[PDB]
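Atom set for the values below is all heavy atoms of this structure, side chains included, hydrogens, waters and symmetry mates excluded. Along the sequence shown, residues are numbered consecutively beginning with 1.
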Amino acid sequence: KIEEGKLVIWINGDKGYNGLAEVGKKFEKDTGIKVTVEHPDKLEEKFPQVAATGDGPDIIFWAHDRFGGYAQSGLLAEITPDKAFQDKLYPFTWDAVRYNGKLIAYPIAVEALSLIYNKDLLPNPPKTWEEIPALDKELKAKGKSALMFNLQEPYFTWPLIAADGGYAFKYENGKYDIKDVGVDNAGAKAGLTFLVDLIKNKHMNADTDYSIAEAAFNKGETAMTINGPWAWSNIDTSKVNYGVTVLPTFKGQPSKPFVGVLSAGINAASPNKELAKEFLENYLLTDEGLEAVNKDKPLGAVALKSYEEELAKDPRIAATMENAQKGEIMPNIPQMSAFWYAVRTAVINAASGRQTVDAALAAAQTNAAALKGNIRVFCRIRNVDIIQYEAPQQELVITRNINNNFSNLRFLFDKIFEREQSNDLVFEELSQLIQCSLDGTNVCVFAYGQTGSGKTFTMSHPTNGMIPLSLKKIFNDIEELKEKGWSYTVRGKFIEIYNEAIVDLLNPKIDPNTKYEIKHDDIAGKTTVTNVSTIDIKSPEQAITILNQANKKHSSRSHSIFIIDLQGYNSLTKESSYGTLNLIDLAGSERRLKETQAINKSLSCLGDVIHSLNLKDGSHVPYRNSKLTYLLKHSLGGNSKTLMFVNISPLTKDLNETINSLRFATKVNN
Ligand SMILES: OC[C@H]1O[C@H](O[C@H]2[C@H](O)[C@@H](O)[C@@H](O[C@H]3[C@H](O)[C@@H](O)[C@@H](O[C@H]4[C@H](O)[C@@H](O)[C@@H](O)O[C@@H]4CO)O[C@@H]3CO)O[C@@H]2CO)[C@H](O)[C@@H](O)[C@@H]1O
Ligand SMILES: Nc1ncnc2c1ncn2[C@@H]1O[C@H](COP(=O)(O)OP(=O)(O)O)[C@@H](O)[C@H]1O
Ligand SMILES: [Mg+2]
C-alpha cells in the first residue's frame, strides 16, 4: 500500500524533477511531510499497472493526454480547487484536464514542439520542409547535417504527418469521433512519405532517437533539431548559440504539433489526498514553485497566469505558443493511447523500410479506429435436440429451459454463422486480410472450440477450408501484383504444439536431443523456430498435398499451426515487404490429465494475451506464458490482425461446453 503521512511523486525523466524535489523540500520544511520525487521508466505504463492494485505514487505527472484513460479506469481522484484558485490558471488549461465534466488533474504548463536551430551554422533557418534536402547537401559539404530529431516517438513525427491533413480523431461538436480516424488519409500518407524520403535520401537516419539527436545538436554537429521546452537548459550549458522558431511548412501548410499540458493527478488510492492538494496548490502552483522546476528544465507556457505573464516575453516561449496555436490540443480520451501505439508502430515500420508508407498507415488506421478493429471474433454454429438460439443484430441469445425456468445467456460477436452457411461465405471475412499479409502486416486465424465443434472443417476442408482458400487467394493476388512490379516468394511451415513441445510436422528431425527453440528478432519483428523445415510453395495444390500427407500420422489434443511467409520485392520502386499469415487449428477446449492441464493453461494464456492486446492501453502482454503465444508474438502484437472463429455444437447435450466456449469468446472480443 501507499504510506500515509508521506508524498511519493512520479514524473518523467525529461522534466525538471530536481527542481520539483526542491519544492518538496520546502513542503517538508514547513509541514514535516516528507516528499519523495521519482522518475521511473515507462511510468505512464506502470502507473495504471500498480494503481490498479492500490499502490503507486500519491501524485503522477504526465501530459494531459493520458489522464482520460486513468480516469475511465477509476485510477484518479477528482481534484477540488475552489474558484479563487481556478481563477489563477488559464481556462484553456483547465479544459485540458477535464474528463466527463470533472477536473481530474492540476494543469502545470503548455508544451509544444518547435524548430530549434544553430544560429552560427544557420542564421536563416528554412521556412519549408521542402528546402531541407538541399540544405542538407550544403551542410554535408562542411561535415555537418541539416536536421536530427527523435524518430522513435510519433510525438515528434506527427506535426509533419498532420500538416497536409492527417489527424487522430475528427472533432465535430462536443465529441471526438472515435469512428473517424485520419491516420491513413492522403494528408498523412503525404507527410509520412516525405519523412521516409528524407531517410531514403540519407538526410536522416531511421535509427535516430532522443539521445542521439540531442548530443548531435548540442555538440554543434547538426544545424537543426525538433524538441520541446524541457530541452532548452541542456542547450544553454552547451556552446551552441540557438534560436527557437516556427516549424517548417509542408506543401505550404504549417506543421501541426500535438499540444500537451503537463498535468498532475492524484492517485485514487492515496490516503494522502488532502496533503497532495496542499502541496500542488500551495507549493508547486506558485511563482516560486514553478520557477524552481522551470530553472531545472523549462516548462513552457505555465498554466499559472502570474508566472506566465512574467515569462511571456521570452522569444522561445512565444515560438512555443505560435507552434501551439498552429497545432491542436491533444484529446484526453482513453482511445488516444490506441492512437499513439498504432502510429508509433507505423512510423517505425515505414522509416526502417520494412513496410511501405501506405501499408503501414492502413494497418495503424484500423488499429486506431473503433471500426472492424484489429481483433475480430466470429461464432460458427456447426450444421446439424437442438439448442434454442436467436441471432439478432451481432448478438447470440441462448435460451435454456432449466426445470422449470427460462434462462437467456447473451453473447456479442462481430458475426454469427449458422446453418449451411458455407466455408466460402465465412472466408469473405478473411479474404481482405490476405492483402494485409502481402503488404507485410501479420495475421493470425484461430479456430477454437470443443472437439467435434468443427474447427478442422472450418480451417482444413480440402476444397474450401480457410487454409486452401487462403492459399488460393494468395496466388491469385500475387499474379495481379506482378502488373505493379511485385514479385513474391511463398514459404510454409507446418508445426504442432503438444503438451508444450514443438514437432515439425513436415520434416520430423531424427536426433533425439534436437531442439526446437523459438527465436525472435525483436528488431525486424521476425521469428524462426530452430530446426523446423520450410517448403517453398509453388502452388496451392502443392501445399495442400504436402499438408494432407504430413497429417497422415492426437490431433484433437494439440495445436496445429500452418505458417505462410510472404516475401515481396518490387523492381520498380525497389521496395520490400515481409508478411506472415498464421492459420491455427487449436486443441479441443473441452473439460490425459497432463493433456488437460496443458491445454487449459495454453488456451487460457491465449485469451489473456488477446484480451490485453485489445485494451490497446499498454497493459502487460504475457507472450512467454505459452509456446503458442510466444511462437506467434510478432503476428499478434503491433498492428497485426487477428481473426478468431469460435466453433460450437448446436446440440443440447453439448450446452455446457458451448457456454464455456462462448464465455471465452466475449473475453477475447472485449
Ligand atoms: O511499447 C512501446 C512504447 O510504449 C510506451 O510509450 C507510449 C506511451 O505509453 C503512450 O502514452 C504514448 O506516449 C505519448 C504521450 O502520451 C504524449 O503525452 C507525448 O509524449 C511526449 C510528452 O508529452 C512530452 O512531455 C515529452 O516528454 O516527450 C514525449 C514524447 O516522447 O507523445 C507520446 C508519443 O510519442 O505513446 C507511447 C508510444 O509511442 C513506453 O513509454 C515506451 O517505452 C515504449 O517503447
Ligand atoms: N459446418 C458444418 N457443416 C456440416 N458438417 C460439419 C460442419 N462442421 C463440422 N462438420 C462435420 O463434423 C465432423 C466433426 O467436425 P471437425 O471439424 O472434426 O470438428 P473439430 O475439428 O472441432 O473436432 C466432421 O466430420 C465434419 O465433416
Ligand atoms: Mg479437428
Residue pair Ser602, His559: steps toward the side chain to side chain donor-acceptor pair (under 3.5 Å) verdict = CA-CA 10 Å; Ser602 183; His559 306 324; 2.8 Å; yes
request  = Taking only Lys NZ, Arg NE, NH1 and NH2, and the carboxylate oxygens of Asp or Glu, determine whether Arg344 and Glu153 approach each other closer than 4.0 Å.
outcome  = yes
ask   = Would you say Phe411 and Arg663 make side-chain contact, with heavy atoms under 4.5 Å?
value = yes
key: Centroid-centroid under 6.0 Å between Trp158 and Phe339 rings   = yes
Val621/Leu613 under side-chain contact (heavy atoms from CB on, under 4.5 Å): CA gap, chis, key distance, verdict = CA-CA 7 Å; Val621 188; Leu613 289 175; 3.9 Å; yes
message = Any carboxylate oxygen within less than 4.0 angstrom of a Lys/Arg side-chain nitrogen, looking at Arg557 and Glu496?
response = no
ask   = Charged N to carboxylate O below 4.0 Å: is that the case for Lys667 and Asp608?
value = yes
query = Which residues satisfy the side chain to side chain donor-acceptor pair (under 3.5 Å) test with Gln72, sequence neighbours excluded?
reply = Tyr99
task = Using only heavy-atom distances, determine whether the side chains of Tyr341 and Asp617 contain a donor-acceptor pair under 3.5 Å.
result = no
query = Side chains of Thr451 and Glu590: donor-acceptor distance under 3.5 Å anywhere?
reply = yes
inquiry  = Pairing donors with acceptors under 3.5 angstrom, does anything connect the side chains of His620 and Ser612?
reply    = no
ask   = Counting N and O atoms only, with roles assigned by atom type, does the side chain of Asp439 sit under 3.5 Å from a partner on the main chain of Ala359, one being a donor and the other an acceptor?
value = no
query = Do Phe378 and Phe413 have ring centres separated by under 6.0 Å?
reply = no
ask   = Going by distance alone, is a donor N or O of one side chain under 3.5 Å from an acceptor N or O of the other, for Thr458 and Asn647?
value = yes
query = Would a 4.5 Å heavy-atom cut-off, applied to side chains only, mark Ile434 and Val443 as touching?
reply = no
Shortest non-hydrogen contact from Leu581 toward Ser470 = CD2-CB, 3.9 Å
ask   = Looking at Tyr578, is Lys526 sitting on its ring face, NZ or CZ under 6.0 Å from the six-membered ring centre and within 45 degrees of the normal?
value = yes
task = Heavy atoms only: give me the nearest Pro468-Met459 pair and the separation to one decimal.
result = CD-O, 3.9 Å
ask   = Hey, mind stepping through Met644 and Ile375 against side-chain contact (heavy atoms from CB on, under 4.5 Å) and telling me if it holds?
value = CA-CA 8 Å; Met644 165 81 57; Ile375 292 113; 5.6 Å; no
request  = Decide whether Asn423 and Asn464 meet the rule of one side-chain donor and one side-chain acceptor closer than 3.5 Å.
outcome  = yes
request  = Mind telling me whether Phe494 and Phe562 have parallel, tilted or perpendicular rings, with 30° and 60° as the class edges?
outcome  = perpendicular
message = Does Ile502 form a side-chain contact (heavy atoms from CB on, under 4.5 Å) with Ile518? I'd like the steps, not just the answer.
response = CA-CA 9 Å; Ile502 288 175; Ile518 298 170; 3.9 Å; yes
ask   = Testing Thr345, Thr441, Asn442, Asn367 for side chain to side chain donor-acceptor pair (under 3.5 Å) with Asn639, which one passes?
value = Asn367
request  = Would you please name every residue forming a side chain to side chain donor-acceptor pair (under 3.5 Å) with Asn332, sequence neighbours left out?
outcome  = none
ask   = Do the charged groups of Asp565 and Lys493 touch, with an N to O distance under 4.0 Å?
value = yes
message = To check you understand the geometry: which heavy-atom pair defines the closest contact between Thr629 and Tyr623, and what is its length?
response = OG1-O, 2.8 Å
task = Locate the shortest heavy-atom distance separating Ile584 from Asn582; write the atom from each residue and the value.
result = CD1-O, 3.7 Å
message = Within 45 degrees of the ring normal and closer than 6.0 Å to the centroid, is that where the cationic atom of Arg624 sits relative to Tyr630?
response = yes
query = Considering all heavy atoms of both residues, which atom of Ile104 and which atom of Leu76 are nearest to each other, and what is their separation?
reply = O-CD1, 3.8 Å
query = Is there a donor-acceptor contact under 3.5 Å linking the side chains of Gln335 and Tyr176?
reply = no
message = On a heavy-atom basis, which atom in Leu396 and which in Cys379 lie closest, and how many Å separate them?
response = CD2-SG, 4.3 Å
inquiry  = Determine whether a donor-acceptor pair (N or O, by modelled atom type, separation under 3.5 Å) exists between the side chain of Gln450 and the backbone of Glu657.
reply    = no
ask   = Can you list every pair that meets salt bridge (charged side-chain N to carboxylate O under 4.0 Å, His left out) and has a residue in residues 625-639, with sequence neighbours left out?
value = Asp522-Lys633
key: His520 versus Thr527, side-chain donor and acceptor atoms under 3.5 Å   = yes
query = With under 30° as parallel and over 60° as perpendicular, where do the rings of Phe645 and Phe417 fit, or are they tilted in between?
reply = perpendicular
request  = Go through the steps to decide whether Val426 and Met466 satisfy the test side-chain contact (heavy atoms from CB on, under 4.5 Å), and finish with yes or no.
outcome  = CA-CA 8 Å; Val426 174; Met466 300 302 107; 4.0 Å; yes
